[PDB]
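Quick notes on the structure that follows.
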Amino acid sequence: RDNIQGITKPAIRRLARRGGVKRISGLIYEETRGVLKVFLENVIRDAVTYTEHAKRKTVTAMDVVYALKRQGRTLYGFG
Amino acid sequence: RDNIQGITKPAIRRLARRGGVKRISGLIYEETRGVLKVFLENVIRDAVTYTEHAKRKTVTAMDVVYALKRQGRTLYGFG
Amino acid sequence: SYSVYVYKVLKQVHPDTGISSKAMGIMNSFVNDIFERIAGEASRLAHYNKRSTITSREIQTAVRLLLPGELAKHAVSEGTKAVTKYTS
Amino acid sequence: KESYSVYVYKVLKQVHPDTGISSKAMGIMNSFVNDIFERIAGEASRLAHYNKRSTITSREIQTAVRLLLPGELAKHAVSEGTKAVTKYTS
Amino acid sequence: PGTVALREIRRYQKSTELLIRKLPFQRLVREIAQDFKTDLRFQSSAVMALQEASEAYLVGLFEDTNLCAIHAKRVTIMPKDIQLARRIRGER
Amino acid sequence: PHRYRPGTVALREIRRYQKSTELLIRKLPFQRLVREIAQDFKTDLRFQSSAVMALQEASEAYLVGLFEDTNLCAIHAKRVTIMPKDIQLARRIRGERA
Amino acid sequence: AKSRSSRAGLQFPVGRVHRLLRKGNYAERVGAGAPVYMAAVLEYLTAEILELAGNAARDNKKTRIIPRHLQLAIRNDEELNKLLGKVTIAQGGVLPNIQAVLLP
Amino acid sequence: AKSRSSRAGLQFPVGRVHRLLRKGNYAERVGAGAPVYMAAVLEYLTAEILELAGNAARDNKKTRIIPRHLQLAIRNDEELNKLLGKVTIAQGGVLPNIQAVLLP
Amino acid sequence: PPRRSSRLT
Amino acid sequence: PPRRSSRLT
DNA sequence: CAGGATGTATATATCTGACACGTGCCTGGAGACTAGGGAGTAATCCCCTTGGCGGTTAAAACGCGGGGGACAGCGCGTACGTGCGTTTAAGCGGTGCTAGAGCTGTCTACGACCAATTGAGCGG
DNA sequence: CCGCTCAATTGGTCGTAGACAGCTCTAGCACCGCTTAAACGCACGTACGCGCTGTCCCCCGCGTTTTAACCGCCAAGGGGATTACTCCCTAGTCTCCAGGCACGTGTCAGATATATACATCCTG
């Protein structure tokens with residue numbers, strides 16, 4: 001329940017700094033929280049679909065890697 | 001031989017009007033010509049690669065469709 | 001080509017509307033594209049699970065992976081309604 | 001199970017004799033090799049199916065390499081593949 | 001200045017024809033292909049598919065160019081708008 | 001006392017976080033969020049620690065690239081502050097939400 | 001004797017889909033309900049896009065479906081637009097849309 | 001006696017790549033030059049990325065290669081960046097880059 | 001009884 | 001002589 | 001500019017675990033045949049691609065004239081960055097339990113493969 | 001709408017892929033407590049966003065003039081499909097047996113530390 005506020009404003013500002021951002025408007029944090037929620041929902045839906053297809057109960061890192069590769073976001077270093 | 005000029009300024013204007021563009025700067029036409037040249041080169045290179053793999057000399061609509069399919073632009077209608 | 005069956009389906013959904021010869025090539029491309037999309041993801045799912053059979057389970061999972069939102073919910077409901085009628 | 005760690009390390013020791021590699025960078029190189037293998041193999045499979053051929057040969061792999069790798073990377077990979085095939089078939 | 005352009009937008013947005021002349025586009029396609037293989041024949045359908053793809057790509061790019069224009073508080077699209085759209089797409 | 005101008009620590013932070021390769025989101029709140037989102041797709045779900053780590057490693061790169069596009073959208077408007085509209089223009093152009 | 005496609009209640013060919021799955025190099029074996037499921041999914045999607053295209057043709061006072069109607073139907077529906085989002089339809093045109101700041 | 005990798009001058013395996021090609025279900029048959037070609041191409045790409053990553057490590061003054069060095073080698077090379085353009089490297093960070101208008 | 005969807009009706 | 005690359009130099 | 005303080009690189013010493021190597025061993029690759037079709041090649045036919053011509057007229061090109069708009073400069077006010085003091089869970093390190101993933105061992109039914117028999121969908 | 005032949009369905013065997021039960025231990029969850037790094041709340045000030053105003057120039061709209069696109073037709077032949085031998089290349093199978101994978105082992109690259117000198121950015 002409301003765990004998206006655990007992605008604190010300093011963390012979002014750190015991610016913006018890594019992206020080269022100098023000044024950040026005050027409404028950026030909520031927009032970033034919504035965007036991250038949508039992205040995570042889309043990836044986790046496919047990860048759980050892969051989990052249930054194997055009749056498993058734990059989501060493997062390979063489930064996440066497959067859920068990412070099918071969105072054109074292939075990730076190295078996790079198998 | 002200078003056949004990129006055949007993509008006339010009125011034609012670029014019509015293509016922009018279909019995109020909803022109201023005003024066009026005077027340097028947009030040459031930039032559009034360069035963009036079209038790059039896109040066409042990238043597609044016709046894969047189309048020709050598909051053509052010479054079949055030991056053919058005629059570029060086929062299927063070659064173009066396949067060359068488009070591999071760049072993420074799927075074409076409906078030509079097979 | 002799926003021209004005959006696309007026309008059969010169109011006569012079921014719109015009995016008094018016709019189709020062009022360029023709008024039927026488009027539907028053939030659509031069918032041949034979506035078939036490749038589902039059958040390439042059912043193929044991927046079988047290899048992930050180290051299985052050699054593409055069953056209706058892989059087709060259902062691939063449909064749920066590729067079709068958006070409410071398209072998947074009804075495509076699955078029609079797929080399990082046809083497998084039921086086919087085996088009974 | 002299986003991985004390309006031994007071969008990646010051999011290429012590293014032959015390209016950079018005194019440089020080592022961490023366990024995380026090896027996982028990344030195994031993912032890289034698997035990714036590129038699957039890409040080239042899938043493109044070759046499509047080429048074989050496009051031309052109604054039931055065999056993947058050296059020419060399909062070469063055409064897949066030309067389609068996938070960009071620019072001079074494709075040219076040098078094609079040259080290396082050709083060199084290896086003519087050294088093997090000799 | 002601007003009404004004949006709104007009318008033009010409405011005219012070309014409800015139309016489905018090809019907006020580039022077919023002969024100059026065909027010559028452009030042949031000239032580009034001349035750099036990959038000499039003595040290259042083309043199906044008519046090959047060039048037609050190429051033109052449909054190119055016009056769709058350019059209309060789609062202009063649709064993003066216009067958004068980049070409105071973002072900078074302008075109604076005129078400039079080459080910097082095309083460059084921004086192409087960067088964000090990933091083509092640059 | 002000794003105060004820096006309101007653009008200096010920002011650039012120093014940009015240099016610091018563009019040089020490191022760590023994870024910028026705290027792992028426990030992110031794990032909680034990942035568990036909560038998955039709770040709507042399956043109950044009594046379990047996660048490998050490596051699965052949540054892969055999810056974080058993907059989400060953080062996604063957000064960093066999004067902010068890289070957002071900064072370009074803000075500079076295009078002759079601005080240095082990134083606003084929600086820059087995020088929206090970036091996402092609209094890369095197709096995420098048109 | 002029931003052609004195996006009317007045995008499931010579909011207008012799409014179960015036998016042809018089975019042949020294509022067996023010849024497409026998808027797996028080493030193909031199940032029994034896999035062609036029935038795939039043909040049911042293809043037929044429903046076809047009937048849905050064709051449902052919207054005929055409606056669009058009716059709105060334009062036409063009794064035929066042209067690429068324009070298919071494009072209009074796909075892009076005016078959110079889920080078929082999401083599915084066919086990287087798809088170019090020949091002779092399809094664009095959805096009529098001009099922004100507010102451009103309109104006077 | 002001899003290995004088919006040593007017969008081709010390769011360090012990557014061609015027997016393993018042959019078995020992966022046969023088992024991967026890409027075609028009904030696999031030639032006797034496809035594994036050699038694929039292993040040569042994979043070895044060339046591995047040698048390129050490693051040769052650039054070992055240079056990225058050496059500029060940093062490290063005798064090891066970490067994911068950061070691989071990212072520095074990939075994103076700083078025009079062709080490997082286009083090849084690995086949809087790839088996320090875990091613990092790889094980003095290329096240090098600040099837009100010129102932001103600097104004072 | 002023309003064929004119709006329930007996703008659309 | 002190591003396995004230097006000819007694409008870069 | 002001087003310079004005073006903040007941020008930070010340098011020299012020089014201890015952990016410290018992780019990587020590079022050693023070792024047994026087992027299984028996957030290699031070798032040596034056989035069988036048989038997949039692909040190559042030669043011949044052939046005819047489609048459809050290219051090339052040229054003549055005429056029209058639609059569209060492109062060009063020049064001109066306004067005015068709408070892009071851009072520059074200026075002013076204001078407000079919202080974001082910086083810093084400091086306080087609070088709060090993130091994290092680290094155990095400690096414990098058990099759910100379930102991975103792995104045999106067994107058996108069965110399901111799909112591939114071959115043989116009649118048709119009978120519908122393609123061409124005209 | 002008519003002719004007919006290629007593809008679809010049906011019957012029956014068999015071998016193996018996959019379902020099911022039993023087990024074993026790994027790893028994922030749950031909890032507790034201490035530390036302290038990090039988040040959070042607040043105040044201040046300034047720099048940036050945003051609005052307004054003015055200039056002038058670049059883009060659009062319009063009326064001639066030109067240019068070549070488009071259309072129809074005639075013609076040749078290059079090369080795409082197609083078919084029928086022939087053989088060479090690949091799958092399949094049964095020995096070996098070496099290469100690569102799964103555990104010990106230590107020693108060095110890397111991370112972490114203070115005293116020191118050098119270089120920052122922001123003022124009076």
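Each reported figure results from applying straightforward, stated rules to the coordinates on display, with no laboratory input. All Cβ positions, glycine included, derive from the backbone under ideal geometry; neighbour counts span all protein chains shown.
Positive-end ranking of E:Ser15, E:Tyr57, E:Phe25 along the dipole of segment E:3-89, with charges on Cβ about the Cα centre, is headed by E:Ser15.
Here's the picture: charge each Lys and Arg Cβ at +1 and each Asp and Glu Cβ at -1 in segment D:5-89, and of D:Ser23, D:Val78, D:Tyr9 the one pushed furthest to the positive end of that dipole is D:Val78.
Label-point spacing at B:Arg70 relative to the other copies reads 2.5 nm, in ascending order, each point sitting 7 Å out from Cα along Cα→Cβ.
Sequence gap at least 6, Cα distance under 8 Å: using those rules, report the relative contact order of chain F to the nearest whole percent. It comes to 17 percent, rounded to a whole number. The amide H of F:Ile82, built 1.01 Å from its N in the peptide plane, has A:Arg23, A:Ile24, A:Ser25 as neighbours under 5 Å, considering only residues 5 or more places off or on other chains. For the options G:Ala27, G:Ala73, G:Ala47, a Gaussian network treatment of chain G with springs between C-alpha atoms closer than 10 Å singles out G:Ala27 as fluctuating the most. For the rotation carrying H onto G, the chain H residue whose Cβ lies nearest the axis, with the distance in whole Å, reads H:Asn25, 3.
With label points set 7 Å from Cα along Cα→Cβ, the inter-copy distances at A:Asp2 are 7.0 nm, sorted shortest first.
Between segment H:33-54 and segment G:63-100, the C-alpha centres lie 44 angstrom from each other. Counting only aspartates and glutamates at least 8 places from A:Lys37 when in the same chain, those with an alpha carbon closer than 16 Å to its own are A:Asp2, A:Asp46, F:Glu36, F:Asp40, F:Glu57, F:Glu60, F:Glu96. Only one residue of D:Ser90, H:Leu45, E:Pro79 has its Cα farthest out toward the positive end of the dipole of the protein assembly as shown, where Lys and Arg carry +1 and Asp and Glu -1 on Cβ, and that residue is H:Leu45. Within the straight-line cut-off of under 17 Å between alpha carbons, the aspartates and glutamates reachable from C:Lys22 are C:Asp33, E:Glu17, E:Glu52, sequence neighbours fewer than 8 places apart in one chain being disregarded. Taking the fewest neighbouring Cβ atoms within 10 Å as the starting point, the ordered list for F:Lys85, G:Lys86, D:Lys52 is D:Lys52, G:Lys86, F:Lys85. Reported to the nearest whole Å, the Cα centre-to-centre distance from segment E:4-63 to segment C:1-43 is 26.
Only the Cβ atoms of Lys and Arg (+1) and of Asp and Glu (-1) were treated as charged; on that basis the dipole of segment A:4-69 about its Cα centre amounts to roughly 400 debye.
Remark: mean inter-chain Cβ contacts per residue of F:1-13 equal 2, using a 10 Å Cβ-Cβ cutoff to other protein chain atoms.
Run the helix sum for chain G: -39,500 (n - 2.57) per DSSP H stretch of 4+ residues, divided by residue count, reported at 222 nm to the nearest 500 deg cm²/dmol.
-16000 deg cm²/dmol
With a ≥ b ≥ c the root eigenvalues of the C-alpha gyration tensor of the protein assembly as shown, is it rounded (a/c under 1.5), prolate (a/b larger than b/c) or oblate? Rounded is the answer for the protein assembly as shown, as its axis ratio a/c remains below 1.5.
According to the square roots a ≥ b ≥ c of the eigenvalues of the Cα gyration tensor, what is the shape class of segment B:35-79, taking rounded for a/c under 1.5, prolate for a/b larger than b/c otherwise, and oblate for the remainder? Oblate. Given +1 at the Cβ of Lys and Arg, -1 at the Cβ of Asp and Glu and no other charges, the dipole of segment E:3-89 around its Cα centre is 260 debye to the nearest 20. Each stretch of four or more DSSP H residues adds -39500 (n - 2.57); spread over every residue of chain A, this sum gives -18500 deg cm²/dmol at 222 nm. Among the listed pairs F:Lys19/H:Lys62; D:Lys24/H:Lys62; F:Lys85/H:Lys82, those whose Cα-Cα separation exceeds 21 Å are F:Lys85/H:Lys82.
Dividing the summed -39500 (n - 2.57) terms of all DSSP H runs of n ≥ 4 by the residue count of chain F sets its mean residue ellipticity at 222 nm at -20000 deg cm²/dmol.
Do the alpha carbons of any pairs in C:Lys8/C:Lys85; B:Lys69/D:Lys52; B:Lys57/D:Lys52; C:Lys8/E:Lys14 sit beyond 22 Å of each other, and which pairs? Going by Cα-Cα distance, C:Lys8/E:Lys14 fall outside the 22 Å limit. Applied to segment G:16-21, the Karplus parametrisation 6.51 cos²θ - 1.76 cosθ + 1.60 on θ = phi - 60° returns per-residue 3J(HN,Hα) values of 5, 5, 4, 4, 5, 5 Hz, with x for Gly and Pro.
When E:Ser45, C:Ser88, E:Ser54 are arranged by Cβ crowding within 10 Å, least crowded first, meaning fewest neighbours, the order is C:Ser88, E:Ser45, E:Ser54.
For C:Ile54, the residues whose modelled amide H falls within less than 5 Å of its own, excluding neighbours fewer than 5 places apart on the same chain, are G:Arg29, G:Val30, G:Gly31. Chain A residue nearest the rotation axis toward B, with distance: A:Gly72, 4 (Cβ to axis, whole Å).
A straight Cα-to-Cα reach below 14 Å connects G:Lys61 with the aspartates and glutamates C:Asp16, residues fewer than 8 places away in its own chain not being considered.
Shown in residue order for segment C:81-88 are the 3J(HN,Hα) couplings computed by the Karplus curve 6.51 cos²θ - 1.76 cosθ + 1.60 at θ = phi - 60°: 6, 7, 5, 5, 5, 6, 9, 9 Hz (x for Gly and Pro). If you run the Gaussian network model on chain D, springs between alpha carbon atoms under 10 Å, then out of D:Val65, D:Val78, D:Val11 the most flexible one is D:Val11.
Overall, the protein assembly as shown carries a charge dipole of about 180 debye about its Cα centre when +1 sits on the Cβ of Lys and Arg and -1 on the Cβ of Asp and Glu, all other atoms neutral.
Using a 7 Å projection from Cα along Cα-to-Cβ, the label point at H:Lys82 is separated from the same position in the remaining copies by 3.4 nm, smallest value first. Distances between placed amide hydrogens fall under 5 Å for F:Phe47 paired with A:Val59, all partners being 5 or more residues away or on another chain.
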